[PDB]
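A.B. asks: sequence? don't have it. structure:
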């Protein structure tokens, strides 16, 4: 700030963020880590060590003299699960994880990303628990090599942690996956029946009924239903209770929901 | 994002001016409710049915959702 | 990337033609998986069966086909191409027997199939018939033989074979399994096959959905194992 | 493949999920393209119901004329 | 323009050894270093033309 | 727009597809052939991709008649066909003249049949290069033939992966005259310059053409020749 | 071998000389004993004066080292021990125990004399800080050494 | 169109580096992959005098890289790294660094404060088998 006439420097003012980056800060402590999700217990074990152990005793790997290890690369099909897992583990300890949105756009984003992340990592330094989650991706190679080279190269950052999420196998980038930055690779897979049962029951939690439900038949009938698909069938059963101005959902409403939703899945399979 | 009225030379605030004087008049015509009737539409009967389900019933029967325990779109 | 040869069979820069790879990965739309093993006096083939409805009959789904009195075959990939392939093989065996007076060994028959596919892909205008081939047979002073033919005209015979969707895991499991000791006894072969399929699919097998076929020096005749005897084998291996 | 357009999409997307949960206002979006999917993701509660429109069928033409 | 290269390269050979002379061997080695080419080692690309 | 076809010329120079065929050839497994003062030695590498594959099923060094040996580099399936072709060509000559065919004649006839496939669109050329060894009239012969159709003679050569290093090392090492055993030793050691891993007796195929015929060596003699020496 | 010794005489790069010496030793494996053993001694010497002496004992325990155990390796071991303890008198007595072993060979005694002088310099400088005036026989008693050579060394220092 | 833009960029670089207006006390560093395909306008002396090779490591180079990288580390074992040095496997330095880092991380993960070398062969097979099986017919 400058005086009106003498043009002298009265005071400095803080500097903020460009839009969209400002928007992308959100948090959800409600989902307990490895708990309030459906119940993906198979992958539950792996996630905790990679992140918590570095920050709980970095001095150990400094005893062995190794560069700090980093969070894992997540690989899935729908994209639903990765978000919940990151939110849940952030909820357990992290105060406010800052997540960023990833998408496929062609060119001139090297500075747009670089200064963005530099300053966001400063913001992560502001409060130590911060985790800089990166969303699923899918000119390019410039920004990829710039990110890898800079952010981890001038890093020096004592308490900030990283997680990267991507679907499908993308263009060749070993230098990103080389040991110490993206060492641990996970492969989420489509929902098993018995985990599906817990998930759909959790969604059925608020829905009214009279105990007549036969979940085992419902499971045996259809498959391929990710968590969003289960949310869909539960909602459609609610809609089939709205049909004819009924009050309490009946098992046949669940049957009708299964039928219709699985049809709308098969139809327009694109 | 509040609008405000300010002094020309000194930029001190003088009035909040909360009175709505925002944007331009559009869509704010009370001249007529639209005039289309469903009888004017061919074929898309299932689409209007799904639309009535998705909007018309929530607009009047929110309580059916509340006491059923569901949130409408 | 780019597709110099994406449309037909000509050489790209770097000398890798792209239609045969598409043929190779066209093998997985069958959605099956099969394994084959060899013991000192036995040869075993194991595969699973998928029956998605009850209106389907049970004797018109088997993929196990008889080539000749001492030679048996198993199929993967799509269906019709397999039937054409086995028709050709039967014709070849009959012609060999008529011409030469003694029995066809498995080696020459496998080479004949490989040559057919190679000539088939050398020229244009013919789609290279995307199905994999596995054969077993007993002969003298060599014993049990297992061989596999490739849609690109490759063929080789080897101790432990897997094909289908989960080959990268089943073959690795078999590598770990066989290194310690050779599967000497007859029933160890069935043990290893059933265990491999169970572990790779992460599920145990109801007897009605499994097909196995064995040949032994005691009787070279091809034979298909019935339900009761597979029940006995499974309960013996699964105590 | 414009600096206004990202800001406008931000305005839409943020106000989309800032609505009262009681929900008595309604929103109708009727676009002819699904050519891109970056803007306004259709899952996780950002958006809900979808409708397809067919090209006129046999009865459609007779009825329309 | 590579006659300058020959001269400078002979100079640097002299410099690396901490000397002010220039002898003829230095010039010859500079000649070898500046002139450099390569050919098709494949031996099949060459032979298809008679 | 001067590619994808073999019936037209480039705006400046020569055909296009044959270069790609040669590039595909250079990507194959290595092999070496050495002429001696009284014999010929061919060696090649045989690599398994597992421990399941049986080494006794498919061979690489193949005999044509009692005195002519053949080895190749490049892709696999396109090899059996022209081997069989050479067999029957030799048989036809023997029927005609009642005497074994000299090596040069067979080489040129193979070159002709191999060039037959380049003209016209609708056939792709052979992606394999051949080396032929024979003993005739008190003299050894070694020849090389390519997909283009040309053929020519070597004193000692190698092809496949890292053929540049092989050529350098052979020019580095090869003298003018030796005996068969010295040639075998130098061939084995000169192919050591690649093949990441130890060389067991089952991963190498060595064939010889001596005065009394062409013979492939049993694994016993192979492990003997690589044991405690080289 | 000779590339290694030439890099050693430069007295500026005591790590690449280790590389060439070790390669030369590997080449002489079980085919030339009289050269392999002297390569071993030069290797160990290169390890000594980089101030990592315990690695000498680590190396002599190697799989190839047990084949060539002898008397000179003991001499190098004891020299490393004495250098680690920084005991000047122990160093001199250890050299006295081995006269034909390492005292009287080229390109060995020279570096040893250099290291000896540097060590003596460090010992003299370590025991002067407290005092502003001190007689020298007391210093000799502390350092466990004679008096004449101490005077000569201090004179050369202060020139 | 738009090929001439690239060619014009190259011409401007050539003009600027050795043109009418000579400048002194400036330098230029260039780094690329194999340089057989470069435009000979660049490569004439007076413009790009020195041409320098960075080949693959050999036994001596690998020995130096391993000793240097390990010296920083808290390895503390009675095991010989040279066993992995003598391997005839062609390899680059970045892989040597990756091997060392993974071995350290693998050791610490199982709560062992010190490397025990039952994992150097583990990581060595981990990175050496970084290969994909080609389709059988190419061979």
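C.D. replies: Sure, I can see it. Numbering: from 1, shown residues only, chains lettered A, B, ... in the order given.

A.B. asks: for the residue most central in space within chain A, what are its contacts?
C.D. replies: Geometric centre of chain A, nearest residue: residue A:83, 2.1 Å, by CA atoms, centre = their mean. For residue A:83, the contact set (CB atoms under 8 Å, 6 or more residues apart in numbering or on different chains) comprises A:165, D:44. To be clear about C-beta, it is placed using only N, CA and C from the backbone, and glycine gets the same treatment.

A.B. asks: part of a strand, is it?
C.D. replies: No. Residue A:83 sits outside any strand when classified using DSSP: H, G, I helix; E, B strand; the rest coil, being helix.

A.B. asks: roughly how far does it sit from residue A:70?
C.D. replies: In this view, residue A:83 and residue A:70 are 19 Å apart by CB to CB, to the nearest Å.

A.B. asks: go on, residue A:29?
C.D. replies: Distance, residue A:29 to residue A:70, by CB to CB: 24 Å.

A.B. asks: leaving out sequence neighbours, find the closest residue to residue G:111.
C.D. replies: residue G:49 (6.1 Å; CB to CB, 6 or more residues apart in numbering or on different chains).

A.B. asks: pretty sure that neighbour sits against residue G:116.
C.D. replies: No. Contact criterion CB atoms under 8 Å: residue G:49 and residue G:116 do not qualify, at 11.2 Å.

A.B. asks: which residues touch residue 8?
C.D. replies: Here I'm looking at chain A. Applying CB under 8 Å, 6+ apart to residue A:8 gives the contacts residue A:2.

A.B. asks: um, chain C though
C.D. replies: If you count contacts by CB under 8 Å, 6+ apart, residue C:8 has them with C:19, C:124.

A.B. asks: any idea how far chain F is from the residue nearest to residue G:111?
C.D. replies: Look at residue G:49 and chain F: by CB to the nearest CB, to the nearest Å, they are 38 Å apart.

A.B. asks: to what extent is that residue buried, counted in neighbours?
C.D. replies: Residue G:49: 17 surrounding residues under other CB atoms under 10 Å in any protein chain shown.

A.B. asks: how far away is it from residue G:99?
C.D. replies: Distance from residue G:49 to residue G:99, by CB to CB: 21 Å.

A.B. asks: where is the longest helix in chain B?
C.D. replies: Assignment by DSSP state H gives helix B:58-68 as the longest helix of chain B.

A.B. asks: in it, what's buried?
C.D. replies: By 16 or more other CB atoms under 10 Å in any protein chain shown, the buried positions in helix B:58-68 come out as B:58, B:64-65, B:68.

A.B. asks: just the helices in chain B please.
C.D. replies: Taking DSSP H to define them, one finds helices in chain B at B:45-51, B:58-68.

A.B. asks: that should have said chain A, apologies.
C.D. replies: Ranges of helices within chain A are A:41-56, A:58-64, A:80-92, A:110-126, A:140-151, A:174-177, A:193-204, A:215-221, A:227-242, A:251-266, based on DSSP H.

A.B. asks: near the nearest residue to residue F:174 once chain neighbours are set aside, how many other residues are there?
C.D. replies: Closest residue to residue F:174 apart from its sequence neighbours, by CB to CB, 6+ apart: residue F:156 at 5.3 Å. Neighbour count of residue F:156, defined by other CB under 10 Å: 22.

A.B. asks: next one: the lengthiest helix in chain G to chain centre, how far?
C.D. replies: Assignment by DSSP H gives helix G:109-126 as the longest helix of chain G. Helix G:109-126 sits 10 Å away from the centroid of its parent chain (CA atoms, centre = their mean, to the nearest Å).

A.B. asks: now what about the helix or strand harbouring residue H:62, what contacts it?
C.D. replies: Using DSSP states H and E, residue H:62 sits within helix H:59-71. With CB under 8 Å, 6+ apart as the contact definition, helix H:59-71 has outside contacts at G:15-16, G:19-20, G:22-23, H:57, H:81-82, H:84-86, H:91, H:93, H:96-97, H:100.

A.B. asks: distance from that helix to the middle of the chain?
C.D. replies: 14 Å.

A.B. asks: try stretch H:128-139
C.D. replies: Relative to its parent chain, stretch H:128-139 has a centroid offset of 23 Å by CA atoms, centre = their mean.

A.B. asks: close to chain A, is it?
C.D. replies: No. Applying CB under 8 Å from any CB of the partner chain, one finds stretch H:128-139 separated from chain A by no less than 8.9 Å.

A.B. asks: neighbours around the closest residue to chain B within chain F, how many?
C.D. replies: Residue of chain F nearest chain B, by CB to the nearest CB: residue F:4 (48.6 Å). Residue F:4 has 16 neighbouring residues, counting by other CB under 10 Å.

A.B. asks: how close does it get to chain C?
C.D. replies: According to CB to the nearest CB, residue F:4 stands 6 Å off from chain C.

A.B. asks: residue H:28 too?
C.D. replies: Separation of residue H:28 from chain C (CB to the nearest CB): 33 Å.

A.B. asks: got a list of what that residue touches?
C.D. replies: Per CB under 8 Å, 6+ apart, neighbours of residue H:28: H:17, H:48.

A.B. asks: residue G:77 is nearest to which of the helices of chain A?
C.D. replies: Proximity to residue G:77 (CB to CB) singles out helix A:58-64 among those, at 29.7 Å.
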